Amino acid sequence: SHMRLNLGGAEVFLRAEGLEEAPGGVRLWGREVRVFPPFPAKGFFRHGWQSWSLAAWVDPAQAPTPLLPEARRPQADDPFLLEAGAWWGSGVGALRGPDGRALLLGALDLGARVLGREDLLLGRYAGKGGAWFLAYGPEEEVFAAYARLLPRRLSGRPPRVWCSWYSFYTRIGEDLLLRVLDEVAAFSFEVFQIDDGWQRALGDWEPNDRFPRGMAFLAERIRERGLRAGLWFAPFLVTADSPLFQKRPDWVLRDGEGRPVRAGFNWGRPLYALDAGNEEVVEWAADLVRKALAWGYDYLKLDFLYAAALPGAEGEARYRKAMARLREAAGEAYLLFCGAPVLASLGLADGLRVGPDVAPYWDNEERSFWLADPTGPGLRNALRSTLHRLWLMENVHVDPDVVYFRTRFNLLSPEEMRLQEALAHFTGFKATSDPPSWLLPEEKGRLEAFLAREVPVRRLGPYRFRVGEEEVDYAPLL
Amino acid sequence: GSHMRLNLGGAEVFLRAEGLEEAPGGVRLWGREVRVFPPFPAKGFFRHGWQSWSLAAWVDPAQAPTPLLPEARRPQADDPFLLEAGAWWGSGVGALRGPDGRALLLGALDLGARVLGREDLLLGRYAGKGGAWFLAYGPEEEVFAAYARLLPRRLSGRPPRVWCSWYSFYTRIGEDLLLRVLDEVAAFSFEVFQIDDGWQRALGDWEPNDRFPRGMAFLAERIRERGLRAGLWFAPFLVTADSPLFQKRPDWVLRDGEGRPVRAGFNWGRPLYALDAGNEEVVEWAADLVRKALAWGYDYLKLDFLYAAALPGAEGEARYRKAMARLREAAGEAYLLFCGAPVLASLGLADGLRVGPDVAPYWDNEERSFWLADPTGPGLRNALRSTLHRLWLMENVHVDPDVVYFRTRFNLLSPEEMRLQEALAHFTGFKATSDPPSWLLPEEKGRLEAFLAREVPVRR
Amino acid sequence: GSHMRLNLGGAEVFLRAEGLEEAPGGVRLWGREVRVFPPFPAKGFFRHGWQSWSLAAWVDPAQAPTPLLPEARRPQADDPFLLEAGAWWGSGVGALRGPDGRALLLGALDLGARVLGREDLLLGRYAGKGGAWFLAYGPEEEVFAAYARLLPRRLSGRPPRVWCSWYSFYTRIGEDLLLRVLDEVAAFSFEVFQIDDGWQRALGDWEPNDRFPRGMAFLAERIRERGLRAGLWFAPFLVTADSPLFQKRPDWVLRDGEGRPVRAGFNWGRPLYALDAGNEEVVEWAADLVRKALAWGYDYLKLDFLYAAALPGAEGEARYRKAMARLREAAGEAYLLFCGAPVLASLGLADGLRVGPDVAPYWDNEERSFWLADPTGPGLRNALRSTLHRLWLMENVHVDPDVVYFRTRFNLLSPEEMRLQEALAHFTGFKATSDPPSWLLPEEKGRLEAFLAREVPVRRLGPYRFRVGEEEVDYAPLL
Amino acid sequence: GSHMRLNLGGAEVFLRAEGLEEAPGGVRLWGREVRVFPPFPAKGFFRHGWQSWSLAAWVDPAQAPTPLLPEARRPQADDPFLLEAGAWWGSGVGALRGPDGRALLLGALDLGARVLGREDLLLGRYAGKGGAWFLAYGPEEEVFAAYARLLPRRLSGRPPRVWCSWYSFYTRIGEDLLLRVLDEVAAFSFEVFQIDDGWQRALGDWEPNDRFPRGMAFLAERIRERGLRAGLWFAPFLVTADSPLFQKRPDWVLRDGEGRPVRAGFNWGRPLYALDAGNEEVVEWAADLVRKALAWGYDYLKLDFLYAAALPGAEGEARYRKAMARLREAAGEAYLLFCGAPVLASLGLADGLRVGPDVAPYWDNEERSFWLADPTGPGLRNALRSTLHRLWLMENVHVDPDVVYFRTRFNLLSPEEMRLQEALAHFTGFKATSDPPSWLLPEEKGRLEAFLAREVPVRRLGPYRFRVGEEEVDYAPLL
């Protein structure tokens with residue numbers, strides 16, 4: 001159990017049930033393992049659970065601030081990470097030396113958390129134990145070494161997507177989208193993706209009255225333009241006014257007293273989850289995928305996926321099994337994972353959102369600061385978590401969320417907008433929601449050059465990039 | 001627990017259970033926890049209390065249950081768990097009422113179960129390890145009747161007609177007074193003359209006190225010399241801190257994990273404690289009390305405060321049933337009336353079962369029923385409410401609605417209220433009174449004897 | 001005040017007051033606040049409650065007072081201040097008890113005073129304008145008799161004999177049921193047939209309900225046709241949210257500093273509110289109730305829940321006295337029985353005054369008396385305990401101990417319990433019952449008539465010992 | 001005090017006041033505290049907030065007010081008392097709404113009053129010395145018009161057409177940038193070019209910062225060389241701990257009973273403090289600020305955060321009025337726009353008065369408005385809601401609805417939302433924008449110049465229905 005070892009030319013004491021060599025560091029075994037840094041730890045890498053959760057370096061000396069309101073905690077992170085009075089992360093954590101090296105501890109199995117103190121990295125599996133990776137070295141080197149031990153699914157280059165969410169939000173209809181399709185089809189997009197707003201209800205994944213000719217009709221018009229058709233679902237989410245909620249109360253995820261597990265608060269109502277441990281639910285969700293493929297869509301945005309993994313680390317085994325079936329039912333269709341457990345999705349997702357939603361503004365200070373919720377929409381929140389998850393790029397297509405080119409119906413400044421555009425070039429994941437008729441001539445030309453040219457992009461440090469020959473520094477926002 | 005779908009009473013019903021199979025009147029489930037989802041929006045929940053005195057009634061599950069005060073009286077009012085929860089839990093069986101007045105019923109078929117009710121769910125959970133359930137959807141009466149048919153039975157002819165000392169003299173009884181009343185009562189068509197609480201020296205000292213100087217065998221012989229059976233009252237598993245037995249056998253007191261005596265409530269002006277009914281010595285000693293009473297000449301026994309043998313609630317029913325089974329064996333064919341007793345867990349052992357709180361010479365003590373939110377305290381309205389919701393047990397046991405009043409002296413009840421309690425006793429066939437005949441007016445004497453008369457059945 | 005030294009009962013008594021003057025049986029003090037120090041260690045404090053139903057009794061000032069429950073019932077139980085305090089406060093008069101049974105008494109001679117009792121101190125404090133005090137040291141009965149001689153008096157001859165409807169039928173009364181009972185009641189030596197709660201449409205709607213179709217003047221004429229005076233019950237300053245008057249005259253509701261209605265208790269299943277007796281228009285409406293009843297032919301009036309006119313306690317006594325003074329003039333020579341009423345501030349206006357909780361057909365409701373710690377609810381023990389400690393008011397008013405039971409039907413009291421109440425009626429001379437003659441056995445009928453028709457001499461041998469005719473009646477066991 | 005009966009709007013009204021006389025449209029009451037009882041079940045209370053940004057709206061008296069969060073912002077949202085209290089209080093005036101859409105109105109005629117609304121009561125209380133009130137019952141518009149006639153008026157022709165630098169550049173302004181914008185703006189029919197917050201070195205240090213290197217008189221001269229008047233922004237009684245005035249004159253800071261600085265809110269990322277407007281030396285320093293701006297060439301002044309001169313609420317209105325009267329004197333005939341200001345206590349001193357929360361380039365920050373329960377934050381919906389409920393002041397002062405947006409660049413508002421704000425600018429005649437002309441598309445430039453150049457007739461049809469030109473504009477959905 002007590003072990004000493006030479007890691008990164010340093011002496012590291014640890015507690016584990018087993019130890020063996022691994023590329024870039026060591027493999028540890030143990031349901032709970034403890035690693036003692038050979039330095040005064042200046043920073044802890046706090047890795048949130050899902051896409052929207054916070055990923056960043058924090059001062060472990062200061063106490064975490066409660067996220068408010070309590071009703072939103074299930075949609076912001078692993079509930080355990082938000083209730084605890086210590087700094088816990090999901091899957092992986094790291095301590096930062098005075099010299100900017102990192103001591104990294106990362107699980108190789110589902111369902112783990114990592115606690116950070118200035119004197120200790122503690123890894124704990126929620127369910128049954130498993131393997132760990134430990135490494136000490138340059139920050140980028142050890143996160144690269146850890147990612148190499150995780151599954152990968154790299155399906156060529158990420159497609160270029162036009163998305164209806166970040167301009168029209170839920171106010172979409174078949175008529176409006178045919179008009180926009182004609183605008184958008186003049187640009188070098190590959191996918192026209194219809195986002196939230198087409199469905200009758202959560203759990204009622206059929207077209208509402210503003211899509212009267214139906215969804216296969218829409219996908220056909222999209223394909224007659226040379227484009228792939230994309231469609232948005234939140235497959236395991238349900239509200240109390242959903243007909244599925246009332247027709248199949250046995251599908252709702254429930255606690256020990258039979259009450260529905262709370263999945264957050266959104267669209268002005270409490271969210272609930274369908275039980276992804278229920279075989280009948282899982283095949284109903286797999287049938288949603290098969291239905292969208294029969295409709296002609298071959299790009300799918302699966303949202304609010306944390307709901308299949310509630311209540312946190314403990315639900316990742318159920319989540320993985322249910323996502324594997326969706327992966328099987330999609331065949332080779334492109335699956336974009338959103339609101340999704342980040343590390344537990346690798347190998348199933350083709351693309352993965354790694355940050356909070358962008359928004360047509362830098363930061364809502366009431367939500368970010370007074371309610372202490374960094375998971376809310378906004379470009380700053382988006383950038384900060386995204387910056388701390390680019391090391392996943394050899395495992396999945398990293399989606400930084402859409403890029404804005406418009407100045408109409410947008411509060412962002414041009415220098416802020418270019419920060420988001422740079423990360424789209426770095427990850428290669430290029431998406432926008434800007435309807436071409438909201439763009440000025442100069443902005444049309446920037447959108448088409450953004451789609452049509454592959455700009456080389458170089459990382460110089462954690463927050464410094466050269467894209468083209470321009471230098472882009474992200475350090476101030478943190 | 002597998003997910004299951006079934007057609008029940010003409011509706012699709014989803015449920016979660018380890019097993020399912022056909023049963024007369026519905027289906028039978030297996031599982032430590034089972035979950036049944038109503039195929040309707042539920043208008044009400046049948047809340048079945050634990051013991052004789054507990055509330056049994058239909059409640060609105062939307063409104064939270066009101067805490068029972070004082071806290072010190074909770075152990076003698078219900079399963080303590082049911083009184084600490086902020087949800088609507090029942091004992092053994094629960095039901096949900098559909099908008100057409102049909103009921104969806106989930107009832108346990110083994111010991112130690114509780115039923116959680118909400119407008120959207122029936123959850124049954126065994127405190128111990130798993131067991132069987134009965135699930136039925138149909139007319140309210142049919143569905144409860146069908147459930148009772150799968151529970152133990154002990155139907156011992158017709159119930160005796162009893163004269164009982166409690167609801168006139170309470171504890172202020174003595175040998176000379178009861179001999180005087182016996183000669184008056186013997187002019188009526190009674191079978192049992194039963195001495196209630198007040199003859200003993202202490203709880204746990206079940207020997208005559210100084211108001212019974214010639215002793216209990218003497219009194220039983222005088223009762224039998226009039227053609228009557230002699231009845232006697234015990235509270236065998238109850239004890240107080242000043243009882244000699246509490247001091248002599250502290251190893252018999254029911255204790256918690258830290259050695260502290262479990263609280264059994266508050267009565268006779270002092271705190272109550274329980275003898276440990278899982279202690280084999282305690283059960284033999286309680287069985288000796290039954291034998292001693294038969295040897296004295298008593299062959300009708302009122303066994304009271306029996307919840308004490310089953311604390312802390314559902315989890316204690318297995319010990320309770322085993323100890324009562326020993327007492328059933330020691331009583332032979334004597335008639336046993338179970339009072340203050342776990343209702344369903346008593347079935348098949350008791351000849352008679354009190355199913356409601358004590359009657360009282362008044363409709364309702366509002367200070368206890370309302371301000372203290374305790375519906376288990378004595379009073380005719382509390383008695384009728386729970387009794388009316390347990391009549392479906394009439395094929396398993398003699399249902400005791402408690403005594404019937406005929407006097408107007410020393411009684412606050414109206415004649416109309418009195419005839420309500422009389423009607424219930426006709427219906428169940430369990431006829432008892434505590435009225436001393438010398439307290440009765442001539443009109444009331446005739447009403448009492450006419451009531452003890454065998455029924456002339458009417459039906460149209 | 002000034003520090004002062006006194007010889008009072010053969011003892012040296014130290015005190016702080018503004019003025020000192022001799023008085024029959026003791027001394028007279030002045031001061032908004034006065035402090036008297038017992039020249040002895042004190043074993044008991046006389047705690048005098050505010051109104052009819054309130055506890056009057058000797059208590060141990062060392063133990064803390066038990067909160068009365070529920071909170072909703074405190075406005076109708078006592079002066080709210082005495083019930084929210086951690087120390088022992090009484091209304092108007094207090095006393096400390098020496099080892100020899102002798103009592104040091106401090107009593108207000110004016111409105112609006114409270115008295116605080118500790119083992120080492122009696123503290124009198126007027127709530128509004130200052131006033132006079134009576135201070136005395138001596139044997140318990142002498143000292144209270146001397147205090148009562150300085151209070152107002154109104155002795156309207158001898159107390160009438162009353163049949164009252166409350167303690168048999170309660171609110172289930174009707175015109176025809178009362179005509180039948182009137183027939184039976186008229187054979188006995190009663191002087192008043194009194195209709196209690198149950199004849200009115202609502203609190204504030206003092207008009208006959210459906211069960212009195214021919215109206216109240218008719219009922220009173222039939223009563224007088226049988227040689228009996230007619231009595232009627234009111235709660236003049238009480239109103240509920242349901243009352244039409246509460247809705248028509250919101251400016252009549254007693255309100256606090258933020259305009260919310262002042263709570264006056266919980267009864268008949270609903271929260272109670274008060275009409276403002278400082279509002280001249282409300283007082284004149286309540287005097288119109290008295291005038292309307294006299295015009296109907298009633299000249300005996302039971303005026304109940306009168307604490308509502310004096311809320312929030314001592315502070316309301318000056319308003320209370322002025323409103324009652326007006327109802328006194330409106331009633332003329334009619335007989336006014338005060339109930340639920342500030343005891344001391346009623347003297348000189350009431351002809352009769354209830355001095356204890358309602359009797360009930362039972363000894364004690366233990367749930368209310370012990371678990372809720374409310375000794376002001378109905379019950380014979382509660383009635384007896386407070387009445388026994390207010391008999392010294394027979395100097396000043398007809399002391400009503402509440403009715404006497406003779407029936408054993410529809411009654412839980414024992415015969416020995418019932419005789420304790422009957423003796424207090426002989427001692428006070430206030431003789432009343434609610435027993436319908438048709439509920440009485442023949443033996444009980446004979447006892448009732450001999451009760452009304454004879455005057456049995458009662459003498460007090462001590463605080464709890466009386467001699468009624470030839471029998472010693474001892475009450476001390478009930479404390 | 002005295003109880004009074006009243007025939008108001010053909011209804012009977014009970015009230016409590018020390019005096020009563022006739023007045024145009026209703027009655028004048030006198031009393032430090034008065035109470036009025038509605039002759040109906042009141043369905044709504046008009047809760048009138050203290051200052052410009054405070055909530056003005058009809059609320060359900062039955063449901064409880066929700067605490068505004070965070071607590072650090074309460075001093076800049078309303079009168080602190082109105083936020084701390086568990087009942088519904090408003091400032092100066094309140095009203096109760098009948099089932100028939102009429103209002104019972106109670107409004108102070110003097111400084112320093114609050115009104116409490118209950119379902120059954122309107123209670124007016126002066127914080128300081130008593131004063132007069134106005135009571136009226138009638139159609140909603142007539143009684144608010146009747147009340148406004150009794151208050152001071154200062155109506156200076158028509159409101160000028162203003163270009164303002166705040167709602168596009170916020171604090172990020174400079175001399176060079178504003179000369180460029182001045183050149184585009186001067187092509188449009190504006191009367192005032194107003195430099196907002198961002199020119200000064202600090203709060204309390206009202207001198208040009210390093211981005212205004214040639215100073216502020218230079219800027220006003222360039223503005224006048226275009227035929228425009230120059231306008232300038234101050235927050236004259238506001239200071240922060242990092243202000244040099246905070247350290248150089250600690251004796252000017254408004255302090256509580258323990259000498260700690262009164263907190264004036266949280267803004268620009270730091271705690272706000274107030275200068276003591278009861279200090280004669282502070283009042284003359286602020287008057288000198290006005291004189292300095294006049295000598296610089298500015299004759300249009302935006303006086304912001306004025307609640308700070310009136311802290312802690314109704315109690316500070318007398319000080320506030322004296323200090324504002326001195327600034328009014330030092331400004332002469334210059335145009336004074338009051339922002340962040342006690343609404344009723346500013347009448348007669350202000351030429352223009354902001355009556356709502358700041359507009360913002362979005363409809364509503366739901367985190368601030370709902371989760372933090374702060375309807376005083378910037379947002380068009382918050383702006384409209386309070387403004388709509390203060391249009392009845394249009395005959396006492398120029399009512400400023402805040403600026404109108406025409407741009408769609410750097411703005412999240414939809415065109416239908418933007419027209420709602422444009423309509424109120426026509427209704428009040430107060431026409432302002434912050435849109436830099438180079439942020440506007442060609443079609444938006446034409447709408448701006450047509451907005452400035454044509455007077456569009458506008459008709460109120462009901463509380464939230466307006467006919468402006470020939471469009472019908474309904475605001476009822478937003479509430």
# chains A, B, ... in the order shown; residues from 1 in each chain; ligands from 1

$ residues_around --residues "range 273-279 of chain D" --least-positions-apart "4" --cutoff "8 Å" --atoms "only C-alpha atoms" --output "mmCIF file with N, CA and C atoms, in the first residue's frame"
data_model
loop_
_atom_site.group_PDB
_atom_site.id
_atom_site.type_symbol
_atom_site.label_atom_id
_atom_site.label_comp_id
_atom_site.auth_asym_id
_atom_site.auth_seq_id
_atom_site.Cartn_x
_atom_site.Cartn_y
_atom_site.Cartn_z
ATOM 1 N N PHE D 237 -23.278 63.491 -5.033
ATOM 2 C CA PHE D 237 -23.201 63.110 -3.622
ATOM 3 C C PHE D 237 -22.717 61.681 -3.424
ATOM 4 N N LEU D 238 -22.068 61.114 -4.430
ATOM 5 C CA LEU D 238 -21.594 59.747 -4.406
ATOM 6 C C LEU D 238 -20.078 59.774 -4.313
ATOM 7 N N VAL D 239 -19.516 58.772 -3.641
ATOM 8 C CA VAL D 239 -18.077 58.694 -3.448
ATOM 9 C C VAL D 239 -17.733 57.230 -3.192
ATOM 10 N N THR D 240 -16.503 56.836 -3.520
ATOM 11 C CA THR D 240 -16.034 55.497 -3.185
ATOM 12 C C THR D 240 -14.821 55.606 -2.276
ATOM 13 N N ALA D 241 -14.467 54.489 -1.634
ATOM 14 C CA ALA D 241 -13.365 54.535 -0.678
ATOM 15 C C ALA D 241 -12.049 54.883 -1.356
ATOM 16 N N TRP D 252 -16.799 64.712 5.335
ATOM 17 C CA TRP D 252 -17.911 64.951 4.416
ATOM 18 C C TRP D 252 -18.769 63.712 4.210
ATOM 19 N N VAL D 253 -18.225 62.534 4.520
ATOM 20 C CA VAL D 253 -18.931 61.283 4.318
ATOM 21 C C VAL D 253 -20.129 61.203 5.259
ATOM 22 N N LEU D 254 -21.265 60.767 4.722
ATOM 23 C CA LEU D 254 -22.438 60.521 5.551
ATOM 24 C C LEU D 254 -22.207 59.266 6.396
ATOM 25 N N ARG D 255 -22.397 59.396 7.703
ATOM 26 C CA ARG D 255 -22.037 58.354 8.647
ATOM 27 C C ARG D 255 -23.221 58.026 9.536
ATOM 28 N N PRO D 261 -19.439 54.850 7.738
ATOM 29 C CA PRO D 261 -20.071 55.394 6.527
ATOM 30 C C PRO D 261 -21.327 54.622 6.154
ATOM 31 N N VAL D 262 -22.416 55.364 5.910
ATOM 32 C CA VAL D 262 -23.633 54.792 5.332
ATOM 33 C C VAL D 262 -23.326 54.170 3.971
ATOM 34 N N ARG D 263 -23.768 52.929 3.766
ATOM 35 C CA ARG D 263 -23.531 52.276 2.479
ATOM 36 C C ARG D 263 -24.572 52.717 1.442
ATOM 37 N N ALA D 264 -24.099 53.113 0.260
ATOM 38 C CA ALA D 264 -24.987 53.632 -0.772
ATOM 39 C C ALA D 264 -25.142 52.682 -1.955
ATOM 40 N N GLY D 265 -24.704 51.439 -1.816
ATOM 41 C CA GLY D 265 -24.880 50.428 -2.826
ATOM 42 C C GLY D 265 -23.557 49.868 -3.319
ATOM 43 N N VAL D 283 -22.900 70.792 0.569
ATOM 44 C CA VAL D 283 -23.889 71.377 -0.319
ATOM 45 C C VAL D 283 -23.287 72.513 -1.148
ATOM 46 N N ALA D 308 -28.603 59.184 -2.972
ATOM 47 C CA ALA D 308 -27.536 59.308 -1.984
ATOM 48 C C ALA D 308 -27.662 60.586 -1.162
ATOM 49 N N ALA D 309 -28.191 61.659 -1.752
ATOM 50 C CA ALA D 309 -28.426 62.874 -0.987
ATOM 51 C C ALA D 309 -29.657 62.757 -0.089
ATOM 52 N N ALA D 310 -30.417 61.657 -0.188
ATOM 53 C CA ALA D 310 -31.651 61.483 0.571
ATOM 54 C C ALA D 310 -31.616 60.273 1.494
ATOM 55 N N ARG D 319 -33.616 66.935 4.033
ATOM 56 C CA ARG D 319 -32.244 67.302 3.677
ATOM 57 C C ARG D 319 -32.070 67.349 2.165
ATOM 58 N N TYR D 320 -32.547 66.308 1.486
ATOM 59 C CA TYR D 320 -32.434 66.194 0.042
ATOM 60 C C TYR D 320 -33.014 67.420 -0.649
ATOM 61 N N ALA D 323 -30.847 70.563 -0.272
ATOM 62 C CA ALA D 323 -29.624 70.498 -1.066
ATOM 63 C C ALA D 323 -29.929 70.616 -2.556
#

$ select_by_dssp --residues "range 148-286 of chain D" --states "alpha helix (DSSP H)" --output "MDAnalysis selection string"
chainID D and resid 148:149 166:169 175:185 215:224 244:248 280:286

$ interface_residues --of "chain A" --to "chain B" --cutoff "10 Å" --atoms "only C-alpha atoms" --output "tab-separated table (two decimals) with C-alpha atoms, in the first residue's frame"
chain	number	residue	atom	x	y	z
A	246	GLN	CA	-47.92	10.65	-17.69
A	247	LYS	CA	-48.17	7.72	-20.11
A	248	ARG	CA	-45.10	5.91	-18.71
A	249	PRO	CA	-44.54	6.92	-15.06
A	250	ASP	CA	-42.49	3.69	-14.82
A	251	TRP	CA	-39.83	5.24	-17.13
A	256	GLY	CA	-35.38	5.48	-2.95
A	257	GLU	CA	-38.83	6.84	-2.08
A	258	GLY	CA	-40.11	6.71	-5.64
A	259	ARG	CA	-39.93	10.47	-6.15
A	278	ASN	CA	-34.34	0.62	-17.87
A	279	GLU	CA	-33.99	-1.65	-20.91
A	280	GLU	CA	-37.29	-0.44	-22.36

$ interface_residues --of "chain C" --to "chain B" --cutoff "7 Å" --atoms "only C-alpha atoms" --output "PDB file with C-alpha atoms, in the first residue's frame"
ATOM      1  CA  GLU C 367     -55.196  17.420  27.840  1.00  0.00           C
ATOM      2  CA  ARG C 368     -55.982  21.122  28.176  1.00  0.00           C
ATOM      3  CA  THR C 408     -76.322  12.718  37.015  1.00  0.00           C
ATOM      4  CA  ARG C 409     -77.647  12.236  33.480  1.00  0.00           C
ATOM      5  CA  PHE C 410     -75.469  13.947  30.854  1.00  0.00           C
ATOM      6  CA  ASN C 411     -72.859  14.713  33.494  1.00  0.00           C
ATOM      7  CA  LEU C 412     -69.583  13.034  34.449  1.00  0.00           C
TER       8      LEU C 412
END

$ interface_residues --of "chain A" --to "chain D" --cutoff "10 Å" --atoms "only C-alpha atoms" --output "PyMOL selection string"
chain A and resi 68-69+360-361+364-368+370-371+406-413+438+440

$ write_last_selection --atoms "C-alpha atoms" --output "compact mmCIF listing (two decimals), in the first residue's frame"
# COMPACT_ATOMS: atom_id res chain seq x y z
CA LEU A 68 -27.12 28.95 -6.86
CA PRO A 69 -29.98 28.47 -7.25
CA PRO A 360 -24.37 36.82 -27.67
CA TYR A 361 -22.57 38.46 -24.73
CA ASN A 364 -23.94 37.64 -17.35
CA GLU A 365 -22.39 38.90 -14.13
CA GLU A 366 -25.51 38.16 -12.05
CA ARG A 367 -25.33 34.48 -12.96
CA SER A 368 -21.56 34.05 -12.97
CA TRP A 370 -23.78 36.66 -7.58
CA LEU A 371 -25.25 33.21 -8.18
CA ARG A 406 -22.76 39.01 -36.88
CA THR A 407 -22.77 42.30 -35.00
CA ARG A 408 -26.54 42.61 -35.29
CA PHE A 409 -28.49 40.98 -32.45
CA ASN A 410 -25.20 40.43 -30.64
CA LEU A 411 -23.51 42.23 -27.73
CA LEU A 412 -20.04 40.77 -28.33
CA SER A 413 -17.18 42.98 -29.48
CA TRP A 438 -28.50 39.16 -40.43
CA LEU A 440 -23.44 42.69 -43.36

$ closest_atom_pairs --of "chain C" --to "chain D" --cutoff "10 Å" --atoms "only C-alpha atoms" --output "JSON lines"
{"residue": "C:247", "atom": "CA", "partner": "D:39", "partner_atom": "CA", "distance": 9.3}
{"residue": "C:248", "atom": "CA", "partner": "D:39", "partner_atom": "CA", "distance": 8.3}
{"residue": "C:249", "atom": "CA", "partner": "D:14", "partner_atom": "CA", "distance": 8.3}
{"residue": "C:250", "atom": "CA", "partner": "D:37", "partner_atom": "CA", "distance": 6.8}
{"residue": "C:251", "atom": "CA", "partner": "D:14", "partner_atom": "CA", "distance": 6.4}
{"residue": "C:252", "atom": "CA", "partner": "D:14", "partner_atom": "CA", "distance": 9.6}
{"residue": "C:258", "atom": "CA", "partner": "D:123", "partner_atom": "CA", "distance": 8.0}
{"residue": "C:259", "atom": "CA", "partner": "D:121", "partner_atom": "CA", "distance": 7.4}
{"residue": "C:260", "atom": "CA", "partner": "D:121", "partner_atom": "CA", "distance": 8.9}
{"residue": "C:279", "atom": "CA", "partner": "D:3", "partner_atom": "CA", "distance": 7.9}
{"residue": "C:280", "atom": "CA", "partner": "D:3", "partner_atom": "CA", "distance": 9.1}
{"residue": "C:281", "atom": "CA", "partner": "D:3", "partner_atom": "CA", "distance": 8.9}

$ residues_around --residues "residue 431 in chain A" --least-positions-apart "3" --cutoff "9 Å" --atoms "only C-alpha atoms" --output "PyMOL selection string"
chain A and resi 159-163+189+399+401-404+424+451

$ write_last_selection --atoms "N, CA and C atoms" --output "compact mmCIF listing (two decimals), in the first residue's frame"
# COMPACT_ATOMS: atom_id res chain seq x y z
N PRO A 159 -17.25 18.11 -39.43
CA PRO A 159 -18.00 18.80 -40.48
C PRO A 159 -18.22 20.26 -40.15
N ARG A 160 -18.54 21.04 -41.18
CA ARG A 160 -18.87 22.44 -41.02
C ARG A 160 -20.39 22.57 -40.90
N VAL A 161 -20.86 23.19 -39.82
CA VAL A 161 -22.26 23.08 -39.42
C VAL A 161 -22.89 24.47 -39.35
N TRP A 162 -24.08 24.58 -39.90
CA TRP A 162 -24.96 25.68 -39.57
C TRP A 162 -26.04 25.15 -38.63
N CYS A 163 -26.26 25.87 -37.54
CA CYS A 163 -27.07 25.43 -36.42
C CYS A 163 -28.14 26.49 -36.15
N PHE A 189 -20.95 25.13 -46.15
CA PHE A 189 -21.32 24.28 -45.03
C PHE A 189 -21.45 22.84 -45.50
N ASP A 399 -15.75 20.20 -29.69
CA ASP A 399 -16.63 21.28 -30.12
C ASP A 399 -16.51 22.47 -29.17
N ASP A 401 -18.30 25.11 -29.45
CA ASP A 401 -19.57 25.77 -29.73
C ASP A 401 -19.43 26.76 -30.89
N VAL A 402 -20.57 27.29 -31.37
CA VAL A 402 -20.61 28.07 -32.60
C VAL A 402 -19.76 29.33 -32.50
N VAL A 403 -19.38 29.85 -33.68
CA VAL A 403 -18.68 31.13 -33.81
C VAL A 403 -19.68 32.18 -34.27
N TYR A 404 -19.60 33.38 -33.69
CA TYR A 404 -20.41 34.50 -34.15
C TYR A 404 -19.63 35.31 -35.18
N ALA A 424 -12.16 27.70 -32.85
CA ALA A 424 -12.77 26.90 -33.91
C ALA A 424 -11.72 26.47 -34.94
N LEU A 451 -15.17 29.32 -43.49
CA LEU A 451 -15.54 27.97 -43.90
C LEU A 451 -14.56 27.40 -44.94
